[PDB]
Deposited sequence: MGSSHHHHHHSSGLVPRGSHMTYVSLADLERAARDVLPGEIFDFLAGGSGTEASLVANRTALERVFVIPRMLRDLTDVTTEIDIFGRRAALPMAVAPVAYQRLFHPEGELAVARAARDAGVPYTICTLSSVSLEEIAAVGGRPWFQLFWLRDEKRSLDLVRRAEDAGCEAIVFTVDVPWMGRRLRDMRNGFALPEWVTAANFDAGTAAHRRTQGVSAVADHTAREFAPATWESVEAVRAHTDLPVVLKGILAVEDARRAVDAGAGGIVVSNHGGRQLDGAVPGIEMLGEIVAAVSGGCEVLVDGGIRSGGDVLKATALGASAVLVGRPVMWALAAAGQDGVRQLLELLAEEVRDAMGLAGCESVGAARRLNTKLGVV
C-alpha cells in the first residue's frame, strides 16, 4: 500500500542502482532550479470555497480533442527501460487503463509504433534533428501510428550539465537503446515546419517567458508546457509554476497552458489548476512507480493521484476542473 507519492520514491531508491537513481533524480548545475520547483509549490496556498454542490464531482477534462480522466499526462522521460525491463510499455499500459495521456519520447527505449499499439491517448515528444527532413519523418511516423499531439521540446538546444552523471561517469547500459533510430537546436522556423506538416496540435514544451508564450500562440501552437525541464536544463531558470499565472493571462485562452515540475500530489495538481493550468505533466514519480513495481506500480500511482485530485477538488468546493481554475490562491512563507 502507498498513501503518498513519497512512499514510491523510497521504494524506487531501494531497488535502483545508485547511478540510475541519480540520472532520474538529478538536475543541472547546483540543482537550484530542481529544488525551486518544490519550494515554489510549497509556497502556494489555496483559498477553498464551501457549501457548493458536489453531487457529480468529476476530474475529467477535454484536451486536444479527447477526454482525459484527470488534468494530467505522463511527461516525456527518455529511456524507460533503465527503470524496469518492460519500460515504456508498462507505463503506457497503466496510463491507458487510467485514462491518462502518455507522452512517447523521441529517445524511447521501445519503438514509438510498439508503444502506440498499446492504445490509449499517446502523444509524441519531438527533439529536433539536424536534418529537417528526418525531423518531419519522426513526426509523420507518430501521426501514422495514431499519436494525437506533437509535444515539441523547445528548451534543449543541447543538454544541460548533469553533475551527478559526470561524477558517476554515467552511461547508457548496452541493453538500452534509442529504439526509434544527430540533434540540432530548434528555432521558430522549426516550429513552423512542424506546424505545416501535421494536422495534429503542436505543443511547445519548455516555455517560461511571457513573450514566448504569446509568440507560441501567434505561431499556431495548440498548447504550451510552462516548464524548466525538471531543473535539468538551465540551472537558475525560474520554476514554471512561478510564471504560470502571468502566462495564462497573456495568452487569453489562445492555447492550452500546461505546467510541470515537482507535481507530487493531488493537492499540487489543484494548486496548478488554481494558478490557471489546463493540466499538468508528471515525470519522476511515474518512474519511481515503474521502478518499484512495473505496470502495477504505475497503476497504483495513478489510482492514488486520481483519489488525491478528487479529494482536493471536493474539499475546495470544485465540482469540475473549470471550477478549480477559478479558485484564488495566496503565497505564504516556507
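The deposited chain is incompletely modelled, with C-alpha atoms absent over 1 to 21, 203 to 224.
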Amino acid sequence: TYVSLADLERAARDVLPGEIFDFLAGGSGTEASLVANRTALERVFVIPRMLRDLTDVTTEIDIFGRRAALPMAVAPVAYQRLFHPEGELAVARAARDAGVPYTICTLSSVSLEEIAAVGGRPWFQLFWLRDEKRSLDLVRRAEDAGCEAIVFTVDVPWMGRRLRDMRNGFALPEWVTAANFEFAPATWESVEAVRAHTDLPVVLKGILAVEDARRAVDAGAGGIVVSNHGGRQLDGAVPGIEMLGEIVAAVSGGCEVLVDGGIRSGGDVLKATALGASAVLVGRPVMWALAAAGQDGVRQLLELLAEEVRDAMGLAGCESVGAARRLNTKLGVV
From here on, numbers count along this sequence of modelled residues.
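Note that the rigid core is defined as the largest set of C-alphas that superpose within 1.5 Å between two forms.
Choosing between 258 to 266 and 126 to 134, the greater Cα displacement from the shown form in 7 other deposited structures of this protein, fitted by the core, goes with 126 to 134.
In all of the other compared structures of this protein with flanking residues present, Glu192 is modelled, so it falls below the one-third mark for missing coordinates. Compared with other entries of the same protein, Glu182 falls in the group left without coordinates by at least a third of them, where both flanks are modelled. The mean Cα B-factor in the deposited entry runs higher for 288 to 296 than for the other of 288 to 296 and 264 to 272. Per-stretch averaging of Cα B factors for 21 to 29 and 313 to 321 places 21 to 29 on top. Taking the deposited Cα B-factors for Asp212, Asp235, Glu132, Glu242, the highest one is held by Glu132.
The top Cα temperature factor in the record, among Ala90, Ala179, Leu258, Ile247, falls on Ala179. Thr103 sits in the lowest third of its chain by CA B factor, as recorded in the PDB entry. Compared with the other modelled residues of the chain, the Cα B-factor recorded for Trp123 ranks in the lowest third. Ranked within its chain, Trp188 lands in the middle third, by CA B factor from the PDB record.
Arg67 sits in the highest third of its chain by CA B factor, as recorded in the PDB entry.
Among all modelled residues in its chain, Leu301 ranks in the middle third by Cα B-factor.
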